Amino acid sequence: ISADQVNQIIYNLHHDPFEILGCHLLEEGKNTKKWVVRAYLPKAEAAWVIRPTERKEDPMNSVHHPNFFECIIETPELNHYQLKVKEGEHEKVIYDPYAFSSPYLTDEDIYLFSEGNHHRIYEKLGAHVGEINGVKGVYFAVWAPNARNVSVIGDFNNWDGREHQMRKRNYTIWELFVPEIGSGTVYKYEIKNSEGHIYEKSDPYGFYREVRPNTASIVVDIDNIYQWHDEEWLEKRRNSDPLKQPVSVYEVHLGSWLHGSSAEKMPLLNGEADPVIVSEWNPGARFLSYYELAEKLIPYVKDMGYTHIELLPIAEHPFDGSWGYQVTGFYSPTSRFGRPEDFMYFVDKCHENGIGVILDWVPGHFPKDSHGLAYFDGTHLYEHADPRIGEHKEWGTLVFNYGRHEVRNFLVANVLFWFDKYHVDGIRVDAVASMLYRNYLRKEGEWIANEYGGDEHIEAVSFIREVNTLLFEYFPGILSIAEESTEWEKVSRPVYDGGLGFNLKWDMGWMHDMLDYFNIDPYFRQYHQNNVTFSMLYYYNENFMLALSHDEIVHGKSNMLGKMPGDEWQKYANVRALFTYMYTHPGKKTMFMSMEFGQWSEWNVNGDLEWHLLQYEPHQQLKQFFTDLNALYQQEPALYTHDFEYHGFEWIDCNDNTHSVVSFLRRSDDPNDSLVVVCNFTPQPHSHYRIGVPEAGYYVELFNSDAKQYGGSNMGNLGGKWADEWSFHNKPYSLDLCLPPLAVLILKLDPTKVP
Ligand SMILES: OC[C@H]1O[C@H](O[C@H]2[C@H](O)[C@@H](O)[C@@H](O[C@H]3[C@H](O)[C@@H](O)[C@@H](O[C@H]4[C@H](O)[C@@H](O)[C@@H](O[C@H]5[C@H](O)[C@@H](O)[C@@H](O[C@H]6[C@H](O)[C@@H](O)[C@@H](O[C@H]7[C@H](O)[C@@H](O)[C@@H](O)O[C@@H]7CO)O[C@@H]6CO)O[C@@H]5CO)O[C@@H]4CO)O[C@@H]3CO)O[C@@H]2CO)[C@H](O)[C@@H](O)[C@@H]1O
Ligand SMILES: OC[C@H]1O[C@H](O[C@H]2[C@H](O)[C@@H](O)[C@@H](O[C@H]3[C@H](O)[C@@H](O)[C@@H](O[C@H]4[C@H](O)[C@@H](O)[C@@H](O)O[C@@H]4CO)O[C@@H]3CO)O[C@@H]2CO)[C@H](O)[C@@H](O)[C@@H]1O
Ligand SMILES: OC[C@H]1O[C@H](O[C@H]2[C@H](O)[C@@H](O)[C@@H](O[C@H]3[C@H](O)[C@@H](O)[C@@H](O[C@H]4[C@H](O)[C@@H](O)[C@@H](O)O[C@@H]4CO)O[C@@H]3CO)O[C@@H]2CO)[C@H](O)[C@@H](O)[C@@H]1O
Ligand SMILES: OC[C@H]1O[C@H](O[C@H]2[C@H](O)[C@@H](O)[C@@H](O[C@H]3[C@H](O)[C@@H](O)[C@@H](O[C@H]4[C@H](O)[C@@H](O)[C@@H](O)O[C@@H]4CO)O[C@@H]3CO)O[C@@H]2CO)[C@H](O)[C@@H](O)[C@@H]1O
Ligand SMILES: OC[C@H]1O[C@H](O[C@H]2[C@H](O)[C@@H](O)[C@@H](O[C@H]3[C@H](O)[C@@H](O)[C@@H](O)O[C@@H]3CO)O[C@@H]2CO)[C@H](O)[C@@H](O)[C@@H]1O
Ligand SMILES: OC[C@H]1O[C@H](O[C@H]2[C@H](O)[C@@H](O)[C@@H](O[C@H]3[C@H](O)[C@@H](O)[C@@H](O)O[C@@H]3CO)O[C@@H]2CO)[C@H](O)[C@@H](O)[C@@H]1O
Ligand SMILES: [Mg+2]
């Protein structure tokens, strides 16, 4: 380009910067094409064009001005890129602000979508504020290839669509531009199918929705409602390996953590809305907004010391009792708790306080509700038409057709959507088996095999691989967590090694061993020592997340205290011993709200947590316990650097089943960070109990779950102990310990202590 064209951009004289900025074709070769990307990045010294799906990166060069950049790239198609922008010591990675010159669908958009490869389809499908023919308005577009007609109905035409009939393009997508309406417009699509029957649909790609049970979509100007402050958090995430960090997750259902009074409005970020009553049976209570949750949940979690919050599904969902797992509005955060900008604020505030956000994401099915995706255009559009692969009959839901390109694209782009517009740090996918198996909860004769005669749902496996491949490429450093309950291999290994591509998997076997173990009367635990140690046999086949989740404190399973045998003191002691063991055992950590303060009753999604219990000392002490355990977790590298390497763990001894005692080492990069952990899983203390240790010195008591400030009886080693030169458990040195009752000790050699 010429210096005069550059100067016209720099001094804001240019008539249309899209002519020059963004991506433009320079020429066609035989097998490839040559493109230029340009950007004006005031305050950037350097920049790069990332092609994350091709694994390439190209530097940009300054041209005529130090902040005007150009990059020439040869490739057949330049559809998927990002800009990396360096301003002083900081980098950010963004989509090109000049990627799309128009609000309407181009031929390229339609072609990529038809192939299932439009990573940003939600920039053009749904409803967006823009300008067409010189007039400001909203562009609507919806995929519905077998509809006979579609119209936009809404507040602006009194729900009569006759003069807002949409125009069909390439036999596949309906569009319409409506002048002079803007954000806040309430609308649906009125679809006529092949039979002539008329229905009303929420926008599949809608960005906001009325409060359940109403279902009209609402137009949002999603790039102009919130200003973020988390560049530094995002840069740090992109540059780190989250597998080598502490990850302690507080799992939360937003609708039932804490309620407010329905006698007042719900405050929002600079505004307010009517209260959303939690149910007709409990009309005095309302949900808290995302804004109120940012003000109360976030400091509560920060002060507990968790590194992440994991949310049960916040995509829009019509029925409270699904807990979120039956979604019909995939592209909108639930209006139960306010507006999209309120949830953006929530995320931004987590990031400011050093907390990541993991979303439960539900690509596995969707319910039949008629406002939603079902039978969308009068055909089996989103769901497979054959109920043997297209319905989960036991659940009453429909299963997406993962092999259909536009359906795959709906979901692939959806996962990217949450990382792009809402800045989240990970996803967790529930019930992955339900997607992977063609015979899932289906009896003989009621499913069919894949094309090779197997049970593998080939299209689902392929979809899942694509999700994880693209997620990590576009947003490196995130968490992608699977719960998969049948022994499928390599769930949390790279797609290039034959894996499904997650980086963490819930260790469901471990959860069952532990909760079955601690439920057994302590005298009988000697017959079940294997529960304590079995999971370390297959542990290195995946990267495990140790999760004690919501699903384990409902439906008559009891909350944590209630699972435990004995009197009140022993119930608390068992909870502390179990969780000290969970936090010292290899793997990342997840626990669910209410577990951290000893709620007696099961989680009940129609009320909120029993916060009044925190008036009383026992509950306060257990909460302090978790507060201190989380701090210890972040402070001791051997609890997190080598979770997934042999070096990070070794049993010292586990043959004392008779006393239900086990002991082990944790290690990190530095040998002086090594820990010794000793567990006593009966209420019988032991007085001069020897444990081998690998070196001489003074082993400081870092943590003792029987300390009185945790509710314990206060037995212990008085702060530490000198090792003896007394071979034991095949080790040259040994500690002669007091083992407190129903308790775990964590010890660390201080090699600078003087004898
Ligand atoms: O994560 C929470 C928290 O955990 C740790 O802190 C805990 C401790 O783990 C826990 O034991 C306790 O320690 C407090 C203690 O309560 C305070 O009284 C004080 O301890 C004093 C002690 O009072 C002084 O006497 C002095 O101790 C001498 C001791 O008098 C002397 O006899 C000898 O002891 C040896 C003893 O003779 C042996 O028989 C044996 O003793 C065993 C018994 O065999 C056993 O049957 C059972 O009853 O317990 C005895 C204790 O092991 O071995 C003894 C060697 O240990 O030598 C000692 C050497 O001093 O000194 C200390 C002053 O240090 O302070 C301690 C330390 O705080 O409560 C705390 C908190 O609840 C962790 O330290 C902390 O960081 C964490 O926050
Ligand atoms: O109006 C003229 C034509 O209309 C009719 O064809 C329709 C079908 O009824 C629609 O359902 C649709 O079909 C698309 C489909 O939507 C799309 O996903 C893609 O299908 C792929 C699939 O994703 C992939 O997994 C694999 O199985 O291959 C499939 C076939 O390519 O493409 C379909 C075909 O276009 O759209 C058309 C057009 O509206 C009518 O049946 C035609 O005979 C008629 O000419
Ligand atoms: O000198 C004090 C004693 O030190 C050691 O006693 C231990 C027990 O061995 C441990 O099991 C534990 O005791 C728990 C006990 O397991 C539990 O059931 C509960 O018992 C209380 C009960 O809550 C209370 O309401 C009332 O019934 O009295 C019971 C007191 O026994 O709580 C106990 C702890 O408070 O810890 C103690 C103290 O460390 C040692 O083994 C004893 O020989 C010694 O006497
Ligand atoms: O009470 C007086 C005695 O107390 C002390 O003995 C303790 C040990 O210090 C503890 O380590 C433990 O002993 C365990 C041992 O740790 C464990 O490995 C297992 O020992 C098996 C062994 O693994 C196996 O190879 C084989 O050789 O048999 C061993 C004996 O069965 O189980 C042991 C406990 O049964 O607990 C004892 C107390 O029971 C002190 O050291 C004693 O000298 C003292 O008399
Ligand atoms: O104050 C007027 C009115 O506002 C609210 O009703 C709105 C609905 O919540 C909203 O869904 C929409 O209803 C349309 C349906 O979505 C559509 O499928 C079809 O059946 O037409 C409806 C419009 O007639 O609009 C209504 C009206 O704004 C509030 O909930 C009402 O009770 C209230 O009276
Ligand atoms: O080096 C082999 C192995 O050593 C350690 O594994 C021990 C287990 O952790 C422990 O549970 C036990 O395994 C037995 C099971 O408990 C039982 O249910 C059944 O399947 O038999 C198992 C056969 O041993 O003992 C093993 C072997 O010591 C360590 O934890 C591993 O990481 C390590 O690879
Ligand atoms: Mg309540």
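Values quoted throughout were computed directly from the atomic coordinates according to the rules given, and no laboratory measurement underlies them. Every residue, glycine among them, receives a Cβ derived from its backbone with ideal geometry; neighbour counts consider all protein chains shown.
What to note about this one:
- Positive-end residue, region 221-642 charge dipole about Cα centroid, Cβ charges, pick of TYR300, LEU373, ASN606: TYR300
- Nearest-ten-degree value, helix 405-422 long axis tilted from longest Cα axis of the chain: 70 degrees
- Potential extension, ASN239-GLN634 segment - 0.36 nm per residue separation minus Cα distance: 140.3 nm
- For region 190-213 and region 389-459, distance of Cα centres in Å: 23 Å
- When peptides 741-748, 690-697 are sorted by average Cβ neighbour count within 10 Å, with the highest value leading, the order is 741-748, 690-697.
- Looking at the chain, the DSSP beta bridges with both ends there are about 80 percent antiparallel.
- Qualifying trypsin sites (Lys or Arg not before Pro) for region 289-396 [loop in DSSP, other Cβ within 10 Å: at most 15]: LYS368, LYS393
- Relative contact order (percent, whole number), region 643-751, Cα cutoff 8 Å, 6+ residue spacing: 31 percent
- Projecting the Cα atoms of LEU41, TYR139, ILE73 onto the charge dipole of the chain (Cβ charges, centred on the Cα centre) puts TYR139 farthest toward the positive pole.
- Relative contact order for region 221-642: 16 percent, from Cα pairs under 8 Å spaced at least 6 residues apart, divided by residue count.
- In region 1-99, the alpha-carbon atoms span a convex hull of 91 Å³ per residue.
- Put the Cα centre of region 681-718 next to the Cα centre of region 269-296 and the gap is 46 Å.
- The chain - charge dipole about Cα centre, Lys and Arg +1 at Cβ, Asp and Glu -1, debye rounded to 20: 360 debye
- Per DSSP, loop trypsin sites (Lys or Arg not before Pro) in region 238-288 with at most 16 further Cβ within 10 Å: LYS265
- Pairs from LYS244/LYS623; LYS33/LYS201; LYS244/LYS296; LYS571/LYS731; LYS349/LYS721 whose Cα-Cα separation, in the structure shown, is over 32 Å: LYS33/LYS201; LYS571/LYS731; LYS349/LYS721
- Taking 0.36 nm per residue of sequence separation and removing the Cα-Cα distance, the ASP669/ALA3 pair yields an extension gain of 234.4 nm.
- Percent of Cα-Cα distances greater than 22 Å, calculated over region 35-177: 52 percent
- Expressed as a fraction of 2.2 N^0.38 Å, the value expected for a compact globular protein of N residues, the C-alpha radius of gyration of the chain is 1.04.
- The chain: relative contact order as a whole-number percent, Cα under 8 Å and 6+ apart: 8 percent
- Each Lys and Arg contributes +1 and each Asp and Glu -1, all at the Cβ; summed about the Cα centre of region 35-92, the dipole is approximately 120 debye.
- Angle of helix 340-352 to the longest C-alpha principal axis of the chain, folded into 0 to 90 degrees and rounded to 10: 40°.
- Length gained on full extension, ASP369 to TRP447: 25.6 nm, using 0.36 nm per residue less the C-alpha separation.
- Beta bridge orientation in region 221-642: antiparallel %, DSSP, nearest 5: 35 percent
- Between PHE113, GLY196, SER151, the Cα set farthest toward the positive side of the dipole of region 100-220 (charges on each charged residue's Cβ, about the Cα centre) is that of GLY196.
- Loop-located trypsin sites (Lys or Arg not before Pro) in region 1-69, at most 13 other Cβ atoms within 10 Å (DSSP): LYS30, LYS43, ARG55
- Angle in degrees between helix 508-519 and the longest Cα principal axis of the chain, rounded to the nearest 10: 40 degrees
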